[PDB]
């Protein structure tokens, strides 16, 4: 029948990273807090030339080249970001110009912290599924630079990058179950970043509680619809165990284990026989290492080497999962949990396509990660102290983009040769 969803994806990362244990030592922190406590390995760091536009355009151009997209088939170009660079002019319009895309497309940005990319994805999917986008494709780019500041609690969860999603009626990566999404949103101050403040404000432990609360509501909403649709059942297997994999928004890699335990607790607490269990027995079952290993563990390879990329984090988890398991997963249904502070969560599902492995091979993700260079904490700090209008005098890699200067309040970019 008709299908809609994600056809392909591409990734862009900053040119530099730091080793997370170096950061710990520079901060007088036990490095195992970062490697074991948070699950981090390497943290992307930026200079001002790697702004939201440059990363988004690099990813979207890479998508078009790698997947041989006909640019004139794009009817929607949406950038999900919380790292906007103008109050009015959207990142999507800059990307359109840098890529020299034609005119017959909607362009806009979507904003809700780390949920903005998913919001744009659903707008593109539903544009197609309504019939309005029939025959065309969308490109939805998640682009962000996560900045908490030197000597702050959030600093080891920084990162940056972009994931460009191709959305179409040929959803080779993920044929989405339209209309089955669960959502949970409420007005909170767990994380925010007032206009003009370069660094975020966060109550990190409260943000974890909000994430898990919103996840629970979103997951339960999806589960009710999936049960009614016959996709999962209350059987000897918990409903959530019937998803082949579940990918979660990853502000730090150990959050996926917390999220999966919470999702399983939702099933265990809601089961018709929950009264026969105890909090202790439910928690021990929910924390099942076997379930985490089977459904979640292989989704974190890219995230652990990049850091938090806000809107893109879930989609880097999807990328890492499919990078290695797309063939195995063809024909199987997986789940995805998007969260953004502020806050909103959305849980959705889809079926991996027969051609997913092909599309992932063309994304050539190990090459993307291999182009990077390690720098010192000293150099990371120097770059952090640069104003946003002071890009380093450095060329972009071939086909990639950098901000070069701001002249008369107009942002100027270069494309690498």
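Residue numbers count along the first chain shown, from 1.
- The PDB entry records a higher mean C-alpha B factor for 22-30 than for its counterpart among 22-30 and 56-64.
- As recorded in the PDB entry, 390-398 is the stretch of 12-20 and 390-398 with the greater mean C-alpha temperature factor.
- The entry lists C-alpha B-factors for 233, 193, 103, 249, and the highest of these is at 233.
- Comparing the listed residues 289, 142, 208, 188, the entry records the largest Cα B-factor for 289.
- Ranked by C-alpha B-factor against the other modelled residues of its chain, residue 109 falls in the lowest third.
- Sort the modelled residues of the chain by CA B factor and residue 77 lands in the lowest third.
- Ranked against the other modelled residues of its chain, the C-alpha B-factor of residue 158 as given in the entry falls in the middle third.
- Split the chain's modelled residues into thirds by C-alpha temperature factor. Residue 149 is in the highest one.
- Ranked by C-alpha B-factor against the other modelled residues of its chain, residue 349 falls in the lowest third.
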